[PDB]
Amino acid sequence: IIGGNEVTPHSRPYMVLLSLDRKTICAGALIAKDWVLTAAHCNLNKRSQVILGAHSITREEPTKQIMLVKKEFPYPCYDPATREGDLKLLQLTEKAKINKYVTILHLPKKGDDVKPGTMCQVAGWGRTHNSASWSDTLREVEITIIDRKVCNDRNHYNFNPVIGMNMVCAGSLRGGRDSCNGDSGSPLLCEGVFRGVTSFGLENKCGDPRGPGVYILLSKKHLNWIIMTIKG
């Protein structure tokens, strides 16, 4: 997270830390007692861990629940070339224990676009600068959704890649506020509602006005696949 601040410990109890390996992290949302929604580009191995109720990565906390993946369900329409449908459901070996510290983030009922100018938040343990590594504590930043047509601009992504109807852009006109490396999978919250999944930006330019972070929209199509994959 670029230009955010350290969250009140455990004030975002749906946040999942994904320890992928030694060099890599990701985030995600707990969407059911045994389901984590994250991004498809986040590659797990057999040693990977899903950590619930975390604030600090390193510090030992009584609140933490270390979970294991039973099965990966990457979205079958994920296109690594367009970045389209960058979604993945992780089924856990056991159910999380819900409490004050570990909660379920609810899916939106309707898969609406988010209207430009809306204020949104994203939390994560990723880079806080375009250098170095992850943040030891969970941080959060507030961002504005940027009009899709501006996002596809010559002064923005400029069709490399195309920012389509199942993505939103969010940041600031002036820059300084963004997700970054290691925030992939993190839920985009907009006016209290789960709305997107952190996907990509410009390499080593988190927070550059040219490259507002791109979030996969929880649209009708993506919701259908989520609901189907869980229930049944």
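Each residue number is its position in the shown sequence, starting from 1.
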Quiz item: Out of 180 to 188 and 59 to 67, which one has CA B-factors that are higher on average in the deposited record?
Solution: 59 to 67
Quiz prompt | Stretch exceeding the other in mean C-alpha B-factor - 74 to 82, 122 to 130 | solution = 74 to 82
Self-check item: Criterion, highest CA B-factor; candidates, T198, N204, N166, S48
Solution: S48
Quiz item: Quick one: which of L87, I146, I98, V141 has the biggest Cα B-factor according to the entry?
Solution: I98
Practice problem: Please place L17 in the lowest, middle or highest third of its chain by C-alpha B factor as given in the entry. | Solution: middle
Exercise. Would you please rank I227 by its C-alpha temperature factor against the other modelled residues of its chain and give the third it falls in: lowest, middle or highest?
Key: highest
Quiz prompt | Within-chain third of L44 by Cα B-factor, per the entry | solution = highest
Exercise. Sorting the chain's modelled residues by C-alpha B-factor, tell me whether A170 ends up in the lowest, middle or highest third.
Key: middle
